[PDB]
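Undergrad: Pasting in a structure now, in C-alpha cells, and then I'll have a few things to ask.
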Amino acid sequence: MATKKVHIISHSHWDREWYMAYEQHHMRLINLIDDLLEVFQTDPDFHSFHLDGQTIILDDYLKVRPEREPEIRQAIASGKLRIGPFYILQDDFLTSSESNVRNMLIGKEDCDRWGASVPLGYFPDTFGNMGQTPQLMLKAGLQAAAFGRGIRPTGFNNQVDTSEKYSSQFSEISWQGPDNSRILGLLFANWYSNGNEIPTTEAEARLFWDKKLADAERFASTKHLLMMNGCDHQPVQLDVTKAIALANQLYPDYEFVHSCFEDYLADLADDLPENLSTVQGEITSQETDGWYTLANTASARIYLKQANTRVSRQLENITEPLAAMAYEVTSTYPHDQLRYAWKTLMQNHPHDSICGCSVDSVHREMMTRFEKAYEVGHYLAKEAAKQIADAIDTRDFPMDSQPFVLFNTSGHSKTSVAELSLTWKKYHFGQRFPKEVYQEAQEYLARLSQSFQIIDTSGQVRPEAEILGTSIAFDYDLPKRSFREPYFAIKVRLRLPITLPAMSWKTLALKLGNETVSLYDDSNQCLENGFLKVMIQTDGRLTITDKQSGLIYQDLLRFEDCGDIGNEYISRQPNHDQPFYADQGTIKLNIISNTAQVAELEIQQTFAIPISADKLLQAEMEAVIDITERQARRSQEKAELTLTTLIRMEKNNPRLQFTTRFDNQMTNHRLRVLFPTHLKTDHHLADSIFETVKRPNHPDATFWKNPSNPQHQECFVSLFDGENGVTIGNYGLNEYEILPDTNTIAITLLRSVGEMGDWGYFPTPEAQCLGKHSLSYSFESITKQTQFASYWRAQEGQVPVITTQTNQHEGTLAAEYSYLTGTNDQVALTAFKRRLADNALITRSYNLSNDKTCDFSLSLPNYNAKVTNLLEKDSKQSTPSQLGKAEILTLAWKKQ
Amino acid sequence: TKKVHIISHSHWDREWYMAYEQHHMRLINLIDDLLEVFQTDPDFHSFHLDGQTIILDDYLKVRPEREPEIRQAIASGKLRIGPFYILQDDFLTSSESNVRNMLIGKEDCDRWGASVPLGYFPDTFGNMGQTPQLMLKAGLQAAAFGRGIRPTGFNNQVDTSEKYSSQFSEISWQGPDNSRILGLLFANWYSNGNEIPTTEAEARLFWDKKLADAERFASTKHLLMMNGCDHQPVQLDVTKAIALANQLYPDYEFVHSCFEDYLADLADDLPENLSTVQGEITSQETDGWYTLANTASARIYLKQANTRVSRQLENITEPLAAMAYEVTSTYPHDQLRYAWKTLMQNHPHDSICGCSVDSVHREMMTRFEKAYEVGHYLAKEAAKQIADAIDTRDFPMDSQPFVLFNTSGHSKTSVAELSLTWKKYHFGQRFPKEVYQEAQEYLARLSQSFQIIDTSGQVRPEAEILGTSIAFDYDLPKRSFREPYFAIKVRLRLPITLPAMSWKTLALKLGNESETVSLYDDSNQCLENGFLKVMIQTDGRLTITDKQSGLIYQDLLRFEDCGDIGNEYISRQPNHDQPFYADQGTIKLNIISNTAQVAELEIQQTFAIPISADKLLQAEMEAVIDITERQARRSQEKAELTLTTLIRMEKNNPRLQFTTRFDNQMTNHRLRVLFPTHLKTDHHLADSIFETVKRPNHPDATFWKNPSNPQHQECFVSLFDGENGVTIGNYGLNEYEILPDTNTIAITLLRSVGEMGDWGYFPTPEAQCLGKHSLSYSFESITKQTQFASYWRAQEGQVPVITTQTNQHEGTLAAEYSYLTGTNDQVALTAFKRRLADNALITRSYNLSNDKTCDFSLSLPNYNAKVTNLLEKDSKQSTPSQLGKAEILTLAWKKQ
Ligand SMILES: O[C@H]1[C@H]2[C@H](O)CCCN2C[C@H]1O
Ligand SMILES: O[C@H]1[C@H]2[C@H](O)CCCN2C[C@H]1O
Ligand SMILES: [Zn+2]
Ligand SMILES: [Zn+2]
C-alpha cells in the first residue's frame, strides 16, 4: 500500500570540543553512550545509532569507562552502534594532505579492532569539501560521501540550470573529482537535523511530518526519504520507536522505518535513476552570497595553523622517512609510537578545533596536544637518524675530524644553505665541580689558533662553508644502557651551502686547519643572485627583476592593516574602513648577514594603527548582531606597530624567503602581505589536498555579495599566464586572497577578533592573538620550465636538512647514499613510511597538475613495488609508468 | 654470614628536565627491555617499578596490545608494582590528595593482581609528620625514603640530642597519633647499587666500597643494594654481575631480591634497638640550603590552580554528588576516577613543585583545566539533581526559587555574591536583535524593586541588589537541543549563615521598595565590625585592634620585594640585598563598596623595583655555579610596580579577606606580604597533611647556615601565645616564613627565577611568572576560645556557597535540610564522598590538635556508621566517641 519509504537514522553530531571546554562536551558524551547502551537493553526495537562517522568517540568513552568495552563491542557486533569509517571529522583544507589520508588509515584500523565500519565518507558540516574527495573515498574503499554544505538543491518540479555549477536537482548527486573518480554524493538537503526530535503525540506529529515529508520529497531522486534523527550534541531520542509507530499509524502511504546509512545506501543501489546531476571538483560555496562560507576560519588563530604545519611536517617528512630508512638497519620501526603521535595530532583535527572557531580554553588545549605530538615525533626522528649514522662506514674521515651526516628527507633535490650547530668536543662533569670543567673549556677556546673547516670523504675542503662562531654550551647525553651524562660542549656554529639528492644522506666532517661578490649591494640597497635582482625601495617595498625572463615587478611586499569587526568564522572590515600601509611609516634597513652565499636583510617599518575597535563592537557582539549589520569602527586612538621582515636570499636558490616578526598589541584587525603581479590571467592555482586546484580570480558576481573572497591553501598559491608567473609559498598561512584589479596575491599574516561567532555570544579574548608572531612565506618568479619545481620547493622548503653526529667506524651503509631515484618536477612525494602488517616501505605520490599526465618513474633501488590503496592494502593493479591528471599513487616497496 | 639484596629498579620521574613525552618514550624502552629480559634471562628475579602504578597506564597508552604480557609479568612477580599511583610531593598536595594517591594506587594494584607492601618516598623533599598513620591505615607497615635522616655509624655512640639522626639504616617512625612504622632509609641513596660491574677488577673495587657503605648502617645481616637511579635503563646483565659477586665473595650471599622478600627477612632479624624519629622529616638538622623547601613558591600559579581543582573535587563535586545519590541512586565513580587521575598526573614531585622545564608546566596547566571541568560539570549536575527534587511549592508562581548549598564541615557565615536569572527571552526562530530589544523594553518598563524571600514569603532586608543586566546564556537539556536566550540577570549580595553540609531554598521576586552605619568610615580611614577595628595607615600598612581582647597590631600587611638569584628549588637573596618596601612608595585609597554588611577597600602602592638581576647571573647559571657561591646582584635599572590589595570585611565574619593583584614584569625577585605579631612564643602552628604541626620559630642554631627558613603550609599558619594569637589563611600560597626577632608571618606571593636548577643548566624563562597575578589570603585575630574555628574557617573559606536555580514543583526533599550534625571546632572534615563497592557514604575527619583529644559526635541523620581504613575497607572496630590526638577517622555510612 505504501509508495514511500521513510528512513529514520538516529545520530548525534558530536563536535569533540567547541563552545565549551572538551571535558564539558566529553562528560555529555558519556551520558549519550550510557543512554544508548541502556536503550539497547530496554527497547529491542531500537535499530541502530550512527556515531557521526568518527571512531574517536569510542576511545573517548573508554577513557572514562574502560570496563564497558565488552558492552560496546557487543553493541557494535549486533549493529546497534554504527561506527567510522573516520577517526575524526576534519576540516579538509586546514589539515595536511597526508592528514586526510591518515584520518582514514587510523579510522579503518579502529574499525578493524571493533569489527565493523559504515561504508560512507562523512562530511556533515565541513566548511567546504576538497576537490579530491571522490578519489580519496574510492581509494579508501568507499563508494559514497554524505555532506551538508555548498550544494543548492533545486526542485524536481523546476527546470535545471546548466550555468549554475553548484546546484543539484536531487538530494543525491554524482560527484566527480579532478582525476575522473566518481562517487555517490549524499546531500543533507534539509540539514542533518531534518528528523530531529520526532513528536510522539498526534497533533504535533501531523504538523511535523506534513512539513518534513514535503521537504524531503521535493529533492529525493527515489522513494527513499532520508530523515536524520539528531542535531549538534543532540541527546538520543529515547522514545523514537514510539514516534515511528505513531508515524506509521498516521500516514498509511509511508513506510517509516528505523534505519542506518548502510541500509539506506543499499536501497538507493536498487532504485537510483540515471539522470543524476554532476558536481565537478571542490565544493566551497562559490554560488552563494559569500558571507557564510566561513573560509576566514583559515586565518583565525594562525598560530594554531602554524603549530599544525610544524607537527605535520615533523611526522610526515622527518620522522617517518628517517624511521623508514633506519628499518634497513634495525629491522624495527616505531608503529605504536607513531600511532600514538598521529592520534594525538589528529585530536586537533576536528573542524572546530583546527578552524580556530571554538572558545579560548579549547585552543589552549590544542597547543598542549601539538607539543605532545611533536615531542614524540622529534624523539623518534633523532633516534632514526642516529641509527642510520651509526651504521655508516665513516672511516674515510681522519681521526682528527668529527663526522656528521646530513639528510634530505624530501622527495626532490634540496638546495639550501644549511644552518648548523656541531659539537666539537665534550667536557664531562664526572665527579668535579662544574665551574672547574667550564674553565677548562674556556681555556681550550683561548689556546685555539686554528680555523674550523668542513671536509668530504675524499679529504677535500668545502671552501664555501662559513664558520660563524664557537661557544660553550651545557648539554647532556642519555645513553640506552646507562646513566645521564652531563657535559659542557664546544659548539661550532656554521652555515653550509649544499645540494642533497632526494631522500639522501651525505657524510662530512668537521676539523681544524689553516685559514667572491656579496649578494647584497649596500650602496644600491640591492639583493642579487643568478635568478633575481631585488631592489629595496625607499618606502620598503620591493622591485624584483627576474634575471632570466626579464620581467620587472614593482611595489611587492606591501603590508596592509585593516579593521576586523567579525568573529572566528568570518572577517568583516568596518564601514568606510581605510587600510593602513606600513610603507607609509618610518623605514629602517639592517643587514643581518651578507656573503657570496647568503644575505639576510631586515626591513623594519613603524606605523601607527588603531589600538582596537571602538566601544560599540562590544554592544554589538553581546546582542548577537549579524556581522553584516555592525556599525562599529576602528578606534580613534592609535599605537605604533613595528614590523620587521627578514629577507633571506641564497646563491643557488630561486626562492626568496621572508620572515615577518612583530608584537601584536592591537585588537580587531587584520594584517596581510601583498604581492601585486599584474599578470594577465583570469584564474590562479592553489595548493589543495593532493591537487593544484584551478580557481577563478573573480568570485561569481551573480551570487557573491561579500566584498572579500578569501580562499584556503596548503603550501602555496600561484598565478601563471602561460609563459610567466609568480608562486608565493607559505608556512602555516592558509588564507590567501586574489585581488582581481591588479592580480595581487594577498597572504593573511594575522587576524585578531574577540568572539567565536555562530549561534550565540562567546567572548574569546585570546582570539586576538596578542604577543609575538613570526610568519614565514616566500616569493618565486616562474616560467613554464620552473613552474612545477616552484611548487615542490614551497612544499619541501618547509622541511629542514637534518643533521646527526657520529664517530669513525665500520658500517654496512655507504657514506653517501640516495634512497630513491627517478624524480619528476611534476610529481610530488607526500609519504615515505612503513606499513604495520609486514614493514613494506609505503610511498605516496601525486600529480601536481590537474590538466595533464606525466611520466612516473619513482624507484627505490633494492626494492620492488606493487600498487596499494590509500589504506596500504595491496591491489592486483600493476605499477604505472605514467600518472593520470590528479592521480594519487600509493606503493608498497619490498626488499628484493 | 651477610645477605646482599639486589633490588633492580628505576626512579622514573614522569616529567622533569625534558617534556613529558620525551621521558614517556624512554619509559617505553624501559618496559620493552624488561619484558624482553624476562624471556631471555629466566634468572632475572623482579624489577621494582618505582612504587607508582601510573607507569603501567602510560606504557599501555602507547602499547595497549601488550597488556597480557604485562599481566603475566605481574602475576609471576617479575614486575613489582604500586602501592601508589604517583610519587607525590607530600606538602604541596592536599591532605585528601595524599590519601587518593593510595586509594587509586590500590585500585590499580587490585586490577593488576599484585602490590608491593611498602610506602615509597624515595626522593620526596620532606616527609609529612602523619606518614606512619597514613601508611598503617592504608595497610602498610613500612615506608622507604631518602631525605632528612643522618645515619651515624654503629661504631659511634648514639646522640640523644639530635632528633633527626639514626644509628641504623632502619628506624621506627612515630607519628603524632602514636602510630609506628618501619622506616627504611636509603642511607647510601637509591643508587648505591647502580651499574654493577661484570669484570673481576672493577667488581672488587666496586663491592669493597659498597659493602662497607651498607654494613656501616645495617642493623641486620641484610644489606640493601638499590640497582638503579633516575631514569636508569634496566641493567640487562645483572644476573652475570650477581654470579661474579658470589664467586668473589664467599662470605657474602648476593641475591636478586625484591622489597617484599627484603621486608620479610627484616621482620625476622630486626633488633628492638632501633632509633625513633618523631613527626615530620624536613631536614631540620642540616645547613638548610638543600631542603628544596622553596619548591613551595616556585611557580605559585600552579599551586593556586592545584588548590582550585583540589577544592572543586574534594569539597564541591563529591559532597554534592554524595547527597544527590539519595535522589538518583547513582554516583559518578568513573568520571571522578578520571578527574582524579588527571589531577594526580600533576602530583609527581617534580611536577607540582614547579621544578621542571617550561613545557612540563604548560602541560600541567592543561591537565588542571581538564580535571577542573570534569569536576565542575559533575557539581552543577549534582546541585541541579538535588534542587529539582526539593519541594519548592511554598514560593509564589511570580517568584524565582534558588538553592544555596554549604558543602563544608562547619557552619558557613558569609555575604554570598550571586547572579540570578530572573527571566529568559529565548531566541526561538527570530533575529537575536529583536529578542534583545524585548529584554531592553522589559527593563525600561520595570518599576518595581527586586527582593529575596524565604519559604514563608518573608523578605530578607540585609540583601542588597547591586544591579540588573541582559546577558546571553543557554541551557543544555538532558533530553533535547541546546536552548539559547537573553537572560535578565539580577546581581546581588546576600548575607547568610548556612549550617554545615546543608542547603536552604530562597526566592527572587519583584515588590515595593535603612538605619545602617557603614562598615568603613571615610573620615577615620577605618574598617570596623563586631570583631576588628582596622585602621589604614597613611603608608598603606594596617593597624588592627581586636575589639574582644583589646590587642593592637601595628604595621600589618607590609609588601617586601627582594632579589632572587636562585632556581626553582632554592631561593637566594643576593649579597647585601636591601629589600624594597611598598609602604615607602606612593599610596592610594579607593572605596569599591561600603555598606552595613560588606566593605571592600583597595590599597594601591606604586614603588620602584629592579627590573631584573644583573648580567653576572646569566654567566653563573650557564657555568652551573652553586647558588651559595653566586655573586650576582639586582640590577641598577628599576621599573614601577603597582600592587592593588582589595580588603573585604563582612559584618558577621571575624576573618578579614585580602586579594593582592599586580602585573609582574620584573625577573629574579620575590614578593612577600608580612604580618608582624610581636607575640611571646617560641613555636608556631602550620597546616600540614592531616595535622596542625608544631614547629619552632627558630631554625636549629646547631646546624642551620641558611639565613632563611622557608616552610610548607596548606590552608593556614598561626601564632598563639596561649591566650591570644593570629591565624593567617591562604589560597595556594604554600610557602611561609616566621621571622623570629619579631614573630612576623611572611607569606610568599611571587617568586620569579630563570632556571630549573639541580644537575645542569636548564633555562626556564616562564618560571619568571610574567603577567597578571591575584593572590588571596586572610587575617584573623584569635583567642583560646576561637583558635580552632580560625583553622576550619581558613580551610572552608576556600570553598564558595554553591547556587542553583529551579522552578516551582513538588519533590521528595525538604526546602531546608542539614545532611550532618555534631560539628566540633577541633574536628576538621576533609572527605564527604561515596564508595565504589556499594555507594556507602564515606566521611573523613581529623583532630586539628596534636596535643589534645576531643569529643567526636559527627552524625548523619538516617544513616549508621562503621569505621573503615583510609582505603574505605570496613574494619571490626566500633565508632569512637572521642578523637585521639592527631587521629584521622574514616567512616562509612549506610541508609537505615
Ligand atoms: O561544528 C559546529 C558549527 C560550526 O562551528 C559552524 C557551522 C555550524 N556547525 C554546527 C556545529 O556542529
Ligand atoms: O626528581 C629528580 C631530582 C629532584 O627534582 C631534586 C633532587 C633529587 N633529584 C632526583 C631526581 O629523580
Ligand atoms: Zn560540526
Ligand atoms: Zn625524583
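Each chain in the C-alpha cells gets a letter, A, B and so on, in the order shown; residues start at 1 in every chain, and ligands are counted from 1 in the order they appear.
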Each residue of chain A lying at most 8 Å from chain B should get a row with its shortest atom-to-atom pair and the distance in Å to one decimal, counting only C-alpha atoms; could you produce that, ordered by chain and increasing number, as a Markdown table?
TA:
```
| residue | atom | partner | partner_atom | distance |
| --- | --- | --- | --- | --- |
| A:21 | CA | B:373 | CA | 7.3 |
| A:22 | CA | B:370 | CA | 7.8 |
| A:23 | CA | B:374 | CA | 5.7 |
| A:24 | CA | B:373 | CA | 6.2 |
| A:27 | CA | B:374 | CA | 6.9 |
| A:63 | CA | B:338 | CA | 7.8 |
| A:64 | CA | B:334 | CA | 5.8 |
| A:65 | CA | B:334 | CA | 6.1 |
| A:197 | CA | B:480 | CA | 7.3 |
| A:231 | CA | B:481 | CA | 7.3 |
| A:232 | CA | B:481 | CA | 7.6 |
| A:233 | CA | B:481 | CA | 7.6 |
| A:234 | CA | B:481 | CA | 5.6 |
| A:235 | CA | B:479 | CA | 5.6 |
| A:236 | CA | B:479 | CA | 7.3 |
| A:237 | CA | B:479 | CA | 7.2 |
| A:336 | CA | B:62 | CA | 5.9 |
| A:337 | CA | B:62 | CA | 6.0 |
| A:340 | CA | B:62 | CA | 5.9 |
| A:364 | CA | B:366 | CA | 7.4 |
| A:365 | CA | B:366 | CA | 5.9 |
| A:368 | CA | B:363 | CA | 5.9 |
| A:372 | CA | B:21 | CA | 6.1 |
| A:375 | CA | B:21 | CA | 5.9 |
| A:376 | CA | B:21 | CA | 5.9 |
| A:379 | CA | B:22 | CA | 6.4 |
| A:434 | CA | B:624 | CA | 6.0 |
| A:435 | CA | B:623 | CA | 5.5 |
| A:438 | CA | B:623 | CA | 6.0 |
| A:473 | CA | B:622 | CA | 7.5 |
| A:474 | CA | B:761 | CA | 6.4 |
| A:480 | CA | B:233 | CA | 6.6 |
| A:481 | CA | B:233 | CA | 5.4 |
| A:482 | CA | B:233 | CA | 6.0 |
| A:483 | CA | B:232 | CA | 5.7 |
| A:486 | CA | B:760 | CA | 7.2 |
| A:622 | CA | B:472 | CA | 6.9 |
| A:623 | CA | B:433 | CA | 6.0 |
| A:624 | CA | B:432 | CA | 6.0 |
| A:625 | CA | B:433 | CA | 6.1 |
| A:760 | CA | B:472 | CA | 7.1 |
| A:761 | CA | B:472 | CA | 6.3 |
```
Undergrad: Return as a ChimeraX atom specification the residues of protein, DNA or RNA that approach ligand 2 to within 9 Å, with only C-alpha atoms and all ligand atoms taken into account.
TA: /B:11-13,15-17,122-125,229-231,290,292,348-351,353,355-356,569,756-759
Undergrad: I'd like the neighbourhood of range 2-7 of chain A as a PDB file with C-alpha atoms, in the first residue's frame, where a residue qualifies if any of its atoms comes within 10 Å (using only C-alpha atoms), though same-chain residues fewer than 3 positions away should be ignored.
TA:
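After the write, result02.pdb holds the following:
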```
ATOM      1  CA  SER A  10      19.270   8.219  14.790  1.00  0.00           C
ATOM      2  CA  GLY A 195      14.253  14.491  11.591  1.00  0.00           C
ATOM      3  CA  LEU A 213       7.813  14.717   4.220  1.00  0.00           C
ATOM      4  CA  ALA A 216      12.294  15.587   1.650  1.00  0.00           C
ATOM      5  CA  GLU A 217      10.041  14.530  -1.253  1.00  0.00           C
ATOM      6  CA  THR A 222      13.903   7.900  -5.225  1.00  0.00           C
ATOM      7  CA  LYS A 223      11.143   6.667  -2.912  1.00  0.00           C
ATOM      8  CA  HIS A 224      13.663   6.562  -0.042  1.00  0.00           C
ATOM      9  CA  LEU A 225      13.428   9.653   2.132  1.00  0.00           C
ATOM     10  CA  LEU A 226      16.321  10.472   4.469  1.00  0.00           C
ATOM     11  CA  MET A 227      15.268  11.662   7.916  1.00  0.00           C
ATOM     12  CA  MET A 228      18.265  12.446  10.147  1.00  0.00           C
ATOM     13  CA  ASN A 229      17.173  11.943  13.768  1.00  0.00           C
ATOM     14  CA  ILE A 244       7.945   5.800  14.472  1.00  0.00           C
ATOM     15  CA  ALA A 247       4.046   7.971  12.200  1.00  0.00           C
ATOM     16  CA  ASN A 248       3.090   4.618  10.654  1.00  0.00           C
ATOM     17  CA  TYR A 251       0.460   8.041   7.191  1.00  0.00           C
ATOM     18  CA  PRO A 252      -0.511   4.630   5.734  1.00  0.00           C
ATOM     19  CA  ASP A 253       1.111   5.708   2.463  1.00  0.00           C
ATOM     20  CA  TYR A 254       4.601   5.993   4.072  1.00  0.00           C
ATOM     21  CA  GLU A 255       6.809   3.166   5.366  1.00  0.00           C
ATOM     22  CA  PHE A 256       8.525   4.692   8.421  1.00  0.00           C
ATOM     23  CA  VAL A 257      11.493   2.532   9.445  1.00  0.00           C
ATOM     24  CA  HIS A 258      14.336   2.858  11.960  1.00  0.00           C
ATOM     25  CA  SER A 259      17.323   2.627   9.660  1.00  0.00           C
ATOM     26  CA  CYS A 260      21.076   3.009   9.169  1.00  0.00           C
ATOM     27  CA  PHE A 261      23.159   4.513   6.361  1.00  0.00           C
ATOM     28  CA  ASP A 263      20.646   0.017   4.512  1.00  0.00           C
ATOM     29  CA  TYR A 264      19.752   3.410   3.011  1.00  0.00           C
ATOM     30  CA  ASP A 267      18.043   0.727  -1.160  1.00  0.00           C
TER      31      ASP A 267
END
```
Undergrad: Around ligand 1, at most 7 Å away and counting only C-alpha atoms and all ligand atoms, which residues are there? Put them as an mmCIF file with N, CA and C atoms, in the first residue's frame, please.
TA:
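selection-v2.cif, written as the output of this step:
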```cif
data_model
loop_
_atom_site.group_PDB
_atom_site.id
_atom_site.type_symbol
_atom_site.label_atom_id
_atom_site.label_comp_id
_atom_site.auth_asym_id
_atom_site.auth_seq_id
_atom_site.Cartn_x
_atom_site.Cartn_y
_atom_site.Cartn_z
ATOM 1 N N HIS A 13 25.461 14.670 16.133
ATOM 2 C CA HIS A 13 26.597 15.323 15.522
ATOM 3 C C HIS A 13 27.460 15.892 16.642
ATOM 4 N N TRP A 14 28.541 15.186 16.956
ATOM 5 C CA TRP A 14 29.256 15.414 18.202
ATOM 6 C C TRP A 14 30.610 16.085 18.031
ATOM 7 N N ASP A 15 30.611 17.409 17.908
ATOM 8 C CA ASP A 15 31.862 18.145 17.802
ATOM 9 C C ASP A 15 32.645 17.901 19.047
ATOM 10 N N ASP A 125 29.260 18.614 8.072
ATOM 11 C CA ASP A 125 29.285 20.019 8.446
ATOM 12 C C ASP A 125 30.511 20.771 7.893
ATOM 13 N N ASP A 232 23.365 18.859 16.556
ATOM 14 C CA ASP A 232 24.591 19.116 17.305
ATOM 15 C C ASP A 232 24.441 18.696 18.753
ATOM 16 N N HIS A 351 37.050 19.784 12.949
ATOM 17 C CA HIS A 351 36.947 21.088 12.313
ATOM 18 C C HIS A 351 36.867 22.267 13.272
ATOM 19 N N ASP A 352 36.077 22.177 14.337
ATOM 20 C CA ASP A 352 36.015 23.317 15.259
ATOM 21 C C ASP A 352 37.335 23.578 15.970
ATOM 22 N N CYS A 357 37.771 28.120 15.662
ATOM 23 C CA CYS A 357 36.451 28.708 15.889
ATOM 24 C C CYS A 357 35.743 28.124 17.094
ATOM 25 N N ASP A 758 28.910 32.368 15.326
ATOM 26 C CA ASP A 758 27.808 31.409 15.201
ATOM 27 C C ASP A 758 26.627 31.700 16.155
#
```
Undergrad: With only C-alpha atoms as the counted atoms, please give the residues lying no more than 9 Å from range 247-256 of chain B, apart from itself and same-chain residues fewer than 6 positions off, as a VMD selection string.
TA: chain B and resid 1 to 8 43 to 46 200 203 to 204 238 to 239
Undergrad: Check range 733-764 of chain A with DSSP on the backbone and list each residue it calls strand (DSSP E or B), as a VMD selection string.
TA: chain A and resid 735 to 739 744 to 752 755 763
Undergrad: Between A:105, A:842, A:627, A:496, which has the minimum distance to residue 418 in chain A (counting only C-alpha atoms)?
TA: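 Between A:105, A:842, A:627, A:496, the residue approaching residue 418 in chain A most closely is A:496.
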Undergrad: Name all residues at most 9 Å from residue 587 in chain B (count only C-alpha atoms; drop same-chain ones fewer than 2 positions away) and give them as a list in words.
TA: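 Here the qualifying residues turn out to be residues 538, 539, 540, 582, 583, 584, 585, 589, 603, 604, 605 and 606 of chain B.
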Undergrad: Can you spit out the residues from that selection as a short mmCIF file (atom, residue, chain, number, x, y, z; two decimals), in the first residue's frame, using C-alpha atoms?
TA:
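Everything below was put into part01.cif:
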```
data_model
loop_
_atom_site.label_atom_id
_atom_site.label_comp_id
_atom_site.auth_asym_id
_atom_site.auth_seq_id
_atom_site.Cartn_x
_atom_site.Cartn_y
_atom_site.Cartn_z
CA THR B 538 48.99 56.82 55.62
CA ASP B 539 51.70 54.46 54.33
CA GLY B 540 49.07 51.82 53.47
CA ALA B 582 55.69 49.15 49.08
CA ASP B 583 54.79 51.45 52.02
CA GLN B 584 57.81 53.60 51.08
CA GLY B 585 56.27 54.39 47.67
CA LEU B 589 42.89 54.52 48.64
CA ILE B 603 45.10 49.95 48.87
CA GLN B 604 47.29 50.74 45.88
CA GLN B 605 51.08 51.06 46.21
CA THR B 606 53.38 52.07 43.35
#
```
Undergrad: Between B:170, B:872, B:564, B:398, which is the closest to residue 294 in chain B once you count only C-alpha atoms?
TA: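 Among the listed residues, B:564 lies closest to residue 294 in chain B.
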Undergrad: Which of range 407-573 of chain A end up as helix (DSSP H, G or I) when DSSP is run on this backbone - answer as a tab-separated table (two decimals) with N, CA, C and O atoms, in the first residue's frame?
TA:
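Everything below was put into result_13.tsv:
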```
chain	number	residue	atom	x	y	z
A	434	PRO	N	81.29	21.63	38.36
A	434	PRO	CA	81.05	22.11	37.01
A	434	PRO	C	81.80	23.39	36.65
A	434	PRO	O	82.26	23.52	35.53
A	435	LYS	N	81.95	24.32	37.59
A	435	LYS	CA	82.68	25.56	37.32
A	435	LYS	C	84.12	25.35	36.87
A	435	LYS	O	84.66	26.15	36.10
A	436	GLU	N	84.75	24.28	37.36
A	436	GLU	CA	86.14	23.97	37.00
A	436	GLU	C	86.23	23.36	35.61
A	436	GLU	O	87.15	23.67	34.86
A	437	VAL	N	85.26	22.51	35.28
A	437	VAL	CA	85.15	21.95	33.94
A	437	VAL	C	84.86	23.07	32.93
A	437	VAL	O	85.41	23.08	31.82
A	438	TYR	N	84.02	24.03	33.32
A	438	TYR	CA	83.68	25.15	32.45
A	438	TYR	C	84.93	25.94	32.10
A	438	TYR	O	85.13	26.34	30.96
A	439	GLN	N	85.79	26.14	33.11
A	439	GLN	CA	87.03	26.87	32.95
A	439	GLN	C	88.00	26.16	31.99
A	439	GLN	O	88.72	26.81	31.23
A	440	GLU	N	88.00	24.82	32.03
A	440	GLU	CA	88.81	24.03	31.10
A	440	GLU	C	88.42	24.32	29.67
A	440	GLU	O	89.28	24.54	28.82
A	441	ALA	N	87.11	24.33	29.43
A	441	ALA	CA	86.56	24.58	28.12
A	441	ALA	C	86.93	25.97	27.63
A	441	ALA	O	87.31	26.13	26.48
A	442	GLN	N	86.82	26.96	28.52
A	442	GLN	CA	87.19	28.34	28.20
A	442	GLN	C	88.65	28.41	27.81
A	442	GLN	O	89.01	29.07	26.83
A	443	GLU	N	89.48	27.72	28.58
A	443	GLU	CA	90.91	27.68	28.34
A	443	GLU	C	91.23	27.04	26.99
A	443	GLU	O	92.07	27.55	26.26
A	444	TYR	N	90.53	25.95	26.65
A	444	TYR	CA	90.67	25.34	25.33
A	444	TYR	C	90.40	26.34	24.21
A	444	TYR	O	91.20	26.47	23.28
A	445	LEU	N	89.28	27.05	24.29
A	445	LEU	CA	88.93	28.03	23.26
A	445	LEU	C	89.90	29.20	23.14
A	445	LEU	O	89.99	29.83	22.08
A	446	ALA	N	90.63	29.48	24.21
A	446	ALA	CA	91.60	30.57	24.20
A	446	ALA	C	92.93	30.11	23.60
A	446	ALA	O	93.58	30.88	22.88
A	447	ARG	N	93.33	28.87	23.87
A	447	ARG	CA	94.53	28.28	23.24
A	447	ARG	C	94.40	28.12	21.72
A	447	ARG	O	95.40	28.00	21.03
```
Undergrad: Might you pull out every residue within 6 Å of range 728-735 of chain A, with only C-alpha atoms counted and same-chain residues fewer than 4 positions away left off, and present them as a PyMOL selection string?
TA: chain A and resi 298-299+305-306+309+711-717+748+776-779+794
Undergrad: Closest to residue 479 in chain A among A:840, A:383, A:554, A:50, using only C-alpha atoms?
TA: A:383
Undergrad: Skipping near chain neighbours, those fewer than 6 positions away, what residues fall within 8 Å of residue 531 in chain A using only C-alpha atoms, listed as a list in words?
TA: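 Neighbouring residues, sequence-local ones excluded: residues 546, 547, 548, 653 and 654 of chain A.
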Undergrad: Those same residues - C-alpha atoms - I'd like them written as a PDB file, in the first residue's frame.
TA:
```pdb
ATOM      1  CA  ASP A 546      63.606  38.138 -12.910  1.00  0.00           C
ATOM      2  CA  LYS A 547      67.060  37.840 -14.477  1.00  0.00           C
ATOM      3  CA  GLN A 548      66.122  35.062 -16.892  1.00  0.00           C
ATOM      4  CA  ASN A 653      68.172  29.336  -4.800  1.00  0.00           C
ATOM      5  CA  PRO A 654      65.412  30.960  -6.904  1.00  0.00           C
TER       6      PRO A 654
END
```
Undergrad: Return the single residue from A:432, A:149, A:82, A:26 that is closest to ligand 3, with distances computed using only C-alpha atoms and all ligand atoms.
TA: A:149
